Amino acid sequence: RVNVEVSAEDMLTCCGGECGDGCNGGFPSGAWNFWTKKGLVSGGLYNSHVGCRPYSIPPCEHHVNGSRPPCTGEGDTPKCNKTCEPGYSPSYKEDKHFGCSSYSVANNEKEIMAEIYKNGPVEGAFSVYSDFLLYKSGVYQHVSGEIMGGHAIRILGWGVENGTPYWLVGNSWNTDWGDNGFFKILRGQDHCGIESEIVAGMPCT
């Protein structure tokens, strides 16, 4: 009944203090909470003209060389505008999709696998070190580099590569970064805290 591109714009601009601080970072569980309290409208990629509120921040080169301009490390949080783009129907208020639950999954590899297996992809977070930026393929394992900060991502599966167990992960740095926008990271030993902040939730049917 619904295959919708949920708006990142709506979450980023209208959640407020409960999710943290817009373009200056925030809280994953806070975001799932917003989905259950205020809901989220549809919204596609930068100028796709898809949905109620498409993303308004242009795509850029994330730690790689490409044809788009280079990213400039966080800019300003855009306004919380409660209207859909021109030509879209229905209105903002009626294009809202609500979640019916928001919860945290324990730091336990098996419980995280069960959650993904039964209910779908989850959101997690990990400490990004300098060596991760150049990731291309294989299973990532932090070797060296200075701490750059925390990073929230989508975990959508797992596997074993060359005997090394990993989590299949979708980054949000476009497709010219890493393995077509995805990467694998060591699973089983809370590597860079990948298993420590898993959050998820269920849609209102």
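Numbers for residues come from their place in the sequence shown, where the first is 1.
- Of the two segments, 173-181 and 140-148, the one listed with the higher mean B-factor is 140-148 (C-alpha atoms only).
- If you average the C-alpha B-factors over 163-171 and over 62-70, the higher value belongs to 62-70.
- The entry lists C-alpha B-factors for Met202, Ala8, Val4, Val199, and the highest of these is at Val4.
- The PDB entry assigns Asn119 a C-alpha temperature factor belonging to the lowest third of its chain's modelled residues.
- Among the modelled residues of the chain, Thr83 sits in the highest third by CA temperature factor in this PDB entry.
- When all modelled residues of the chain are sorted by CA temperature factor, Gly17 is found within the middle third.
- Per-chain ranking of the deposited C-alpha B factor places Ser42 in the lowest third.
- In this PDB entry, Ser130 carries a Cα temperature factor that places it within the middle third of its chain's modelled residues.
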